[PDB]
Structures are given as structure tokens and as C-alpha cells.
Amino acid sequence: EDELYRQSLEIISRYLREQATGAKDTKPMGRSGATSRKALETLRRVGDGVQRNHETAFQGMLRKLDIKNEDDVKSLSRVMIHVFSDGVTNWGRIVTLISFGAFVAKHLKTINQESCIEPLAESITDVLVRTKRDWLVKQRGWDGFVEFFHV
């Protein structure tokens, strides 16, 4: 409920922030073997591969959306809201969305819009949690994500 949004926000905000700045957080999210720390380490491995694989489509979509400020993020979130609430729900579709978020975050860092990374992460979290709540809960939350992408 409140915890599923708070946990997802902590993982996504930290992943987007460290991808843009290019530096991992010196202060951990929790204890050594916590669900959130494991999900973030999985995101660093999986999410980075998604970005290089989907590079051309990610660069295309970014250029078409034309994100330059916070209002652009808030307004074009309605585009994301509608496209994501329709279609098959899976971990591959979930990880590609977060990877696009990190791709956008990296772009925002270059145009001196580092303040946009947090409301950007809030938009991704609110879509994922609100539209796909039942699925995520039945899939053991972020543990299901860790289990799904194991090496």
C-alpha cells in the first residue's frame, strides 16, 4: 500500500540519481541483504544492458518527447500513464521503463536539470505502483524482480 510505493520510490530514485551523476550512493538504502539493496544491485546490472540495447529507440523517444524542464516531465507523464496501463504486464516491460527513466535522467544531468530527476522518479513510481499493484503484489514485490533476473 504505502510501503510498496515508498520501497519502489527509494529503488527508482537512487537508480536514476546514480545513473545521471555517475556515482553510487556512499550511504546504503538498508541492511546488507535487504530486498531494496538487492533490487538496486539487480537494476545496475539489468537496467544498464537495457539502455545500450534499446539505445536507438530510447534516443528517438527522448528527442520526440523533448524534456527540457520539470513541467515537461509532469505534462508528458500523461503520455506514459496511458501507454503503460494498456498491454501485457511483465518484469521485462517494467525494467525497460525504469531504464528509460535513467536514460532521461542522464540527459537531464547534461542540460543542467538535475532537480528534475526526483519528480521524474516519482512519475515512474506512481504509474508502475498504481496501474500494476495487483500484479506486483502477486509477484512477491521486489523479491520477484530479484528472483526473475538472477545470474
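Residues carry their position along the shown sequence, with the first being 1. The term rigid core refers to the maximal set of C-alpha atoms that superpose within 1.5 Å between the two forms.
Asks: Fitting on the rigid core only, I'd like to know which of the two stretches, 64-72 or 45-53, ends up farther away in Cα terms in 6 other deposited structures of this protein.
Replies: Once the core is superposed, the stretch further away in 6 other deposited structures of this protein is 64-72.
Asks: When the core is superposed, where do the C-alphas shift more in 6 other deposited structures of this protein: in 113-121 or in 96-104?
Replies: Higher average C-alpha offset in 6 other deposited structures of this protein goes to 113-121.
Asks: Could you check which stretch, 22-30 or 114-122, carries the larger mean CA temperature factor in the entry?
Replies: Higher mean C-alpha B-factor in the PDB entry: 22-30.
Asks: Within this chain's modelled residues, let me know which third the CA B factor of residue 94 belongs to: lowest, middle or highest.
Replies: For residue 94, the deposited C-alpha B-factor lands in the lowest third.
Asks: With respect to C-alpha B-factor, does residue 66 fall in the lowest, middle or highest third of the chain as deposited?
Replies: Answer is middle: the recorded C-alpha B-factor places it there.
Asks: By its CA B factor, does residue 15 count among the lowest, middle or highest third of the modelled residues in the chain?
Replies: For residue 15, whose C-alpha B-factor we compare with every modelled residue in the chain, the answer is the lowest third.
Asks: Which third of the chain does residue 42 land in by C-alpha B-factor: lowest, middle or highest?
Replies: Its C-alpha B-factor belongs to the middle third of this chain's values.
Asks: Test of reading the entry: by CA B factor among the chain's modelled residues, which third contains residue 86?
Replies: CA B-factor rank for residue 86: highest third.
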